[PDB]
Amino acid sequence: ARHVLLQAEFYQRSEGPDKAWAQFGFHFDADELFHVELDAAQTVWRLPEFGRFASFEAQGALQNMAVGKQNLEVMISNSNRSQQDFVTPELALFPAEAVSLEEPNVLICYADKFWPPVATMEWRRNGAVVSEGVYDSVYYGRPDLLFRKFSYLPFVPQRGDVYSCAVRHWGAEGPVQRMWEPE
């Protein structure tokens, strides 16, 4: 359409090993307004300004999640435990802003076209893991029913530094990785 506001939720689980996950979010065109922390009943706005403009009663999402959990078990039963092939992610790595020496920037790792939406990013600078200040998004849908996810690393560009983002997808035989260096 011309603009779309979308409430997107899911509940999923693995066996061997047994684990479950769920998600509830509001989205406007390609971007995320908020998601709910489903263990904490917390509305988490993607940008702080949004929480100064609007509110959302978080427990509604958790009540929806209980419905989705029941629907999952019913559809697993109705389908005779029907399942589908995993799709591994493709990765893009690019700075958020024009690169200047000694000017704070943010490196963006975008994992796309994967299923199911279970995937973690790990950042390295010159081969050493970096964690402080990293932000990871929740999983954003796609019309082809695959998913995508952003991770962000604050950094200060310096000549000869090499960054890497590695994505570990549920069930994958290994991580997929991409590297980037400031020009």
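Throughout, we count residues from 1 along the sequence that is shown.
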*Should the higher mean CA B-factor in the entry be assigned to 73-81 or to 109-117?*
73-81
*Would you tell me which stretch averages the higher CA B-factor in the PDB entry, 22-30 or 38-46?*
38-46
*asked:* Taking only the Cα B-factors deposited for this chain, tell me whether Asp144 sits in the lowest, middle or highest third.
replied: lowest
*By its CA B factor, does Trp123 count among the lowest, middle or highest third of the modelled residues in the chain?*
middle
*Thinking about Cα B factors across the chain, which third does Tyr152 belong to?*
lowest
*Would you mind ranking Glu173 by its C-alpha B-factor against the rest of the chain and naming the third, lowest, middle or highest?*
highest
*asked:* When the deposited Cα B-factors of this chain's modelled residues are ordered and cut into thirds, is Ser131 in the lowest, the middle or the highest one?
replied: highest
